[PDB]
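>>> Model the structure of this input:
(chains A, B, C, D, E, F, G, H and I)
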Amino acid sequence: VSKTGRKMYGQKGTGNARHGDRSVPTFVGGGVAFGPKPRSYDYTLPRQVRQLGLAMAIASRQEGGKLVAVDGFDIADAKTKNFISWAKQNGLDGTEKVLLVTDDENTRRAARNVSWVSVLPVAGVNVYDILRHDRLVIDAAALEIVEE
Amino acid sequence: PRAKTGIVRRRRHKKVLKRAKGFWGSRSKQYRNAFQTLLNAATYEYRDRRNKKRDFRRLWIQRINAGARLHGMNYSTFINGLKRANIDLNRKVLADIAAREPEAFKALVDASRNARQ
Amino acid sequence: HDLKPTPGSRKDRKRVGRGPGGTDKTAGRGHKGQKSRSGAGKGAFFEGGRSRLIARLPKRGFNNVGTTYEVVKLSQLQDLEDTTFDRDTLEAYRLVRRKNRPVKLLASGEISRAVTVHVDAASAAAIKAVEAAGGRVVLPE
Amino acid sequence: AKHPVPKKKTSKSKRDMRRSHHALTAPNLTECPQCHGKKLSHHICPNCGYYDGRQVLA
RNA sequence: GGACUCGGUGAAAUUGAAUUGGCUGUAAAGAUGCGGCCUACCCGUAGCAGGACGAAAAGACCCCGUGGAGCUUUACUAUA
RNA sequence: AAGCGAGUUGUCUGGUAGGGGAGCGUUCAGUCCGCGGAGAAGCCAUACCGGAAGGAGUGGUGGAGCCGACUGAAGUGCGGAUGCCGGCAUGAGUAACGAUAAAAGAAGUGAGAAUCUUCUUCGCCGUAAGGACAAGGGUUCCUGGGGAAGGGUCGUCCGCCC
RNA sequence: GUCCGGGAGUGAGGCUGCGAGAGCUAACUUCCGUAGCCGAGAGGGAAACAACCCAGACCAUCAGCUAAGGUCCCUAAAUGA
RNA sequence: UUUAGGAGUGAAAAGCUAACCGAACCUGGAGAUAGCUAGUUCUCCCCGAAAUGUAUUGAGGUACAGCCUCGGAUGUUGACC
RNA sequence: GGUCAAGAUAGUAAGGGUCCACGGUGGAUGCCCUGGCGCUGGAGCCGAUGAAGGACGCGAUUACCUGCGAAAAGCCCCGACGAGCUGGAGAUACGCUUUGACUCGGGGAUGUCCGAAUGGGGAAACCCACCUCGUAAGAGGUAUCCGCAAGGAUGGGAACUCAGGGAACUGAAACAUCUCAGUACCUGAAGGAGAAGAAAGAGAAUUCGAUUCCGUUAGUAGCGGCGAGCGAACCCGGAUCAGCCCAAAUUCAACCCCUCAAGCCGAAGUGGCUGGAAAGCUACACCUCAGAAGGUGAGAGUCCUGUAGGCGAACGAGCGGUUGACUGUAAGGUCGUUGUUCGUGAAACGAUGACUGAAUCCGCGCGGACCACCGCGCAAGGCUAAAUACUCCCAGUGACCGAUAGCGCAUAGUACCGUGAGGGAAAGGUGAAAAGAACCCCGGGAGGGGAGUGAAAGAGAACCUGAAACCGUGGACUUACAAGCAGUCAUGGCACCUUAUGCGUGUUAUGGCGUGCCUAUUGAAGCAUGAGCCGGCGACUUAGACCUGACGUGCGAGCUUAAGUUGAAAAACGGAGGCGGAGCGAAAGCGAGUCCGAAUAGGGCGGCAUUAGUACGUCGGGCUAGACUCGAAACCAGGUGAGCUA
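Residues are numbered from 1 along each chain as shown, chains lettered A, B, ... in the order given. Shown next is the structure:
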């Protein structure tokens, strides 16, 4: 990587030169030759175990809260305030983590934190978010538990 | 990646420097005459609490040899007098005890001396 | 809370088996001469054995081009209760529908039942089976 | 041209017992003829400037 | 004029480590820490070479090395 | 719900290339309710336990964070490669101050003055170790000024430095 | 008694016994095989000292005996017959 | 001040090209590659060797086999008497 | 008590050692906004109305840098926004304010020697002629190429295509065909796109059109000192599945979905302690499509810059949409050989060295030489944007480093090494903030006192914490009459008793004796070698369906690539496709059985007292690569002085 001259002092004289250019991880100020090249991560993961492996994450996680719903009915348009506050009719505003899915992208983006909840929706399933929020609650009346 | 162990390799040298005893000059915080002198303190040190019997063996073979010769005594050609009582068995340590009461061979002389016929 | 424990949400669930081993990095642990430094280990490129001997000697027999080798349909669980999904077009489950290179016949004998096939074959193997199972003659090419 | 190099050294152990066969002679012997106290090894003040009579000067 | 009184500066080649005397013997036989024996009050500096298998580049005299370079001969052969 | 043995007999040998096998812990990442101001992390030392490696008791000091169990990743660990740099070294206070082509002193100064300065005496070169032109250094020359350092003593002298 | 496989080693030893080979039966010289030994473990005996007489170990006890070696001493053990 | 690298200079020594030219230096082609050889890092529980033979422009090079560990196995085939 | 006496043996130890306290120039960890690596998405040079970058150039000083050199920190204008002061010796001062000082967004300008610069000289900062001007002084400028009579162009470039381009250490265990390959280097071109790309074509069932890339095959056919080895077409994806060129479109502009810097607002409460206001203990509401990094002495949503909501002109590009000033349809071949996968020979096909310019249309080019029949294409010149492959800049983004770590640069590639192109450092850090400090002392001063500063000055004006060989002193203890680098225990010996508990802590005359470690060694303990120490670097691994195999799992009829759609995960969709699969046989082909020929007797197989499996991961060895690193003199391309000897 250094890219420098060639040739050297008296490789075989004076005091054991051990010279001849600089191609070893000895001299301080260069590299070490061979090691971590960029890498692009090459794995496929079996495409079978996915629409059931998830079901297996419901083995004893069944206790996890789950149900059927549509955003909110006891509200009007969208403005996130007493809408999320509705999540008090069960102690869901500081006791767990809350899973989120839905099918709307117009009112499903108003809760991004560092330690609180997560949010990324695509209206489907995701192992990436199946333990993240302790009470798994999908429910959308559009893309619910459908095996589809 | 990365580690930088330019501080962790201190307690290592010390975890063995435990034996910084009275060696020589300053072989207690040396860094030469430590992790070497330790390799010196790495010999029969392992067997320096068992093999020692040989050293203290060089005790009762001067006392047990022929102490009160005013009897008969022989020790060597007399051990067949020891194991000539009813249930002799035991031997040393009782030699270490022999250093106390001198009457450890009063009526324990000719009570094995001619215990043949 | 947090008095005398350590966790608070499973994931700590270990497993019931293993998979990896011990691994090695070659030239390790601060010891071992290991293997022979003379050429081997590094590069080498040519195999780690002798050379190109006992390869020579034979007079060599050509003819290795693709031509044709066929496979088989095993013949055992097809001429019984099997009805219709084995023509020379829909049969593509164990690489059959792949045209061009023939599939001959090759079947046993006796036969206590029958079926139907879009055959396109007339091998001399399944001569003891080519009608017993059933299904025309029709030679193609 | 080099004559047998250093090799072996002589740090501690030795280099200790070398400040005794010389050191400094240790003195404090005399303290001037009469007034104050200088004198040296037989040699007049600069104080009163004298071993017993007129000499030197304050 | 240098070796000795005194003021300042004082490095390099090198090197595991010195409670660093010897014999005769022993050891891959050239042992001072080994054997067995004898022996010195410890230290400083001047001076001397037997001494550490003296120092320096891992002999370059040589051999091993399916090493290199260099010159020559009709060596196999390219070639202006 | 990941497999575990006393009761016992032989083996439990010591092991160089090797086989099956356990870990101490640091950096990256998961969950961080967290652990720290009485202050943890940086470090210095005290006879609990551990198969070894190491984990433990407390202050000291230090100044803002830091690691944990279930987990995977990482340039995961010789003092030791006559290595390389950075620093301390010792040869050691000896050999040496430079071509052995003499110098004493009065006095200026001031911090003391032997090598500055005003100067009578001495001597070496003077086809020189003169002065100008040639190359060079570029700041030499001055009005002079201060020691941190250098001029291999140092100094109140430099053409050091302004 | 009984093979298939992931992977070794590094090919250049020494000695006493067993007998010859080159040999003034000379040589920890050299060739060979056969037990052991040291290349991978310590001792007593052997003055200490790889194959020699006895003996190869789990860590700890200042508990016992056997073989060699010794029964005058420097450091064990009857100048007992 | 042109000559220069595989050329010139040259009193021939096989001397020199800028303190080593057996064919300059520097940036660059590849690290000449290496059976040579220095080394290749923390602490371990049970097992274990070859310098014998065959191969070699082949020898302290290397291949394999008896020779080690492990998965499976060998329902009577072990060695001693 | 005493005369004498030896015996017994006692302290000091100049100096040192076992142990602690107090310590250095040096200094790592914990740790720090810029400084390094891999990257997404865009953008992607100016060009005699002359560029990269240097030289010498202004502020009451100017030297390393901002701009600019004399109209040198900057000017027309519109405009942001601000109203105060122009970058490090932050520069005291000097000076300007709230209808434009202060910083600036874009279209312009004074623009010094060199760069193409080119008047001449021609060794960057420097010397000359000759014509226009003109109060006696001095002002306008001088160089080659192509339509030629002006002018237009050539400059320097870090990675993208070819072309003139061409060796070579290595391997084959050495070793001229060869692998490296057409690679190092030289030279020519333009855009940031050129290069192949619409044809005398690939395929092969009696099909299919424009290049390339990767996906799968084929890692097959071939090649080949027949050796390592290089390696298409047959079936596959998308970006793209779009027209025309030599002899019968482009140019100024209005409007524009739309980009480019100055810039506009942008959310929502606080008290008490150990203490530096604690965001830690506690308490309650408000802000929500916007709750990534960060500064202000202790991690803050109610102190603030982003994020969601959206704006900005004068100048211009930039990806443009209807249209105005233009007119959008005139050669095979032989012989010698380079390539191609084809080392060239059992083979057409690119083309060259001298020879043949035939065919001339149901004539002509080939299917790997030729015969016969088919298939397709026709001398004759180019354009084709889109993806494939690139990485100077502008936001943003990653299980990295940490200022000998990382590029050598966290403001140096300073000085320079110097014979020449050409080689180069080492080095960071005080707390939020210097408040980096008046006031009496020794002294020349450096350096040190008081005492504030300082929340905290064992930070400390060459500065965090601050371990260490060497190095600074004393002390409880022993020691010169005792012998071996060292050892461990061993009775004693002075000390201490963080638990009277005849028990221990800091230790030593001396005793058994006893020879170091690394580590290439049959082999030693060696004088066999490596080693003064400290701090780090400390290597068979990394990508590769390269493969075999343990375990867990997927399936028993099994498992997927290429990216197309989603897109801060995905993913099903996907049989390109290969491996397993009856086999044997040179293969053909054969066949559940098989090569022999004159064929119950034999080796392998479906078979079989039978796994027919396969994919992911860490992993046994190996593999394509230097890929365990380093140490060799020698071969080469280019380039540099010969002021050394000549």
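
>>> Now do the helices in the chain.
Using chain A. A:53-56 (DSSP state H).

>>> Contact residues of chain A facing RNA strand F?
Counting by CB under 7 Å from any atom of the strand, the residues of chain A close to RNA strand F are A:15, A:16, A:18, A:26, A:27, A:28, A:35, A:36, A:115. Just so you know, the C-beta spots here come from the backbone N, C-alpha and C atoms, and that holds for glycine as well.

>>> go again using 10 Å as the cut-off
Listed as neighbours of RNA strand F in chain A under the rule CB under 10 Å from any atom of the strand: A:14-19, A:24-29, A:31-32, A:34-36, A:39, A:97, A:114-118, A:131-134.

>>> Any buried residues in stretch A:127-140, and which?
Neighbour counts over stretch A:127-140 (16 or more other CB atoms under 10 Å in any protein chain shown) mark A:129, A:130, A:131, A:133, A:134, A:135, A:136, A:137, A:138, A:139, A:140 as buried.

>>> now do the same end-to-end measure for that stretch.
The first residue of stretch A:127-140 is 18 Å away from its last residue (CA to CA, to the nearest Å).

>>> Distance from the chain centre to it, please.
Relative to its chain's centre, stretch A:127-140 lies at 14 Å (CA atoms, centre = their mean, to the nearest Å).

>>> That stretch vs RNA strand I: in contact?
Yes. Stretch A:127-140 comes into contact with RNA strand I (CB under 10 Å from any atom of the strand), by way of A:127, A:128, A:129, A:130.

>>> now the third one: how far from RNA strand H?
When distances are taken as CB to the nearest atom of the strand, to the nearest Å, residue A:129 and RNA strand H turn out to be 38 Å apart.

>>> for chain B, what spans make up the helices?
Going by DSSP H, chain B shows helices at B:11-16, B:63-66, B:79-82.

>>> Which of the ones you listed sits closest to RNA strand H?
helix B:11-16 (7.8 Å; CB to the nearest atom of the strand).

>>> Not counting that closest one itself, show me its contacts.
B:31, B:34, B:35, B:38 (CB atoms under 8 Å, 6 or more residues apart in numbering or on different chains).

>>> Relative to RNA strand F, how far out is the residue lying closest to the second one once chain neighbours are set aside?
Same thing as residue B:34. Nearest residue to residue B:34 in three dimensions, chain neighbours excluded: residue B:17, at 5.7 Å (CB to CB, 6 or more residues apart in numbering or on different chains). From residue B:17 across to RNA strand F, the span is 8 Å (CB to the nearest atom of the strand).

>>> Would you list the phi and psi of residue 43?
Assuming you mean chain A. Main-chain dihedrals, residue A:43, degrees, to the nearest 10: phi -140, psi 150.

>>> Okay, and residue C:117 sits in which element?
Assessed by DSSP states H and E, residue C:117 sits outside every helix and strand.

>>> number of nearby residues for it?
Per other CB atoms under 10 Å in any protein chain shown, the neighbour tally for residue C:117 reads 20.

>>> what's near enough to touch it?
For residue C:117, the contact set (CB under 8 Å, 6+ apart) comprises C:86, C:87, C:88, C:133, C:134, C:135.

>>> switch to 7 Å and redo it
Shown in contact with residue C:117 (CB atoms under 7 Å, 6 or more residues apart in numbering or on different chains): C:86, C:87, C:135.

>>> Could you do residue C:87 as well?
Applying CB under 7 Å, 6+ apart to residue C:87 gives the contacts C:117, C:118.

>>> how near is it to residue C:131?
18 Å (CB to CB, to the nearest Å).

>>> before we move on, the earlier item: which of the contacts of helix B:11-16 has the largest number of neighbours?
The most neighbours of any of the contacts of helix B:11-16, using other CB under 10 Å, belong to residue B:34, which has 21 neighbours.

>>> Just read off the phi/psi values of that residue.
phi -140, psi -80.

>>> how far away is the residue most central in space within chain A from chain B?
Geometric centre of chain A, nearest residue: residue A:128, 6.3 Å, by CA atoms, centre = their mean. For residue A:128, the distance to chain B equals 26 Å [CB to the nearest CB, to the nearest Å].
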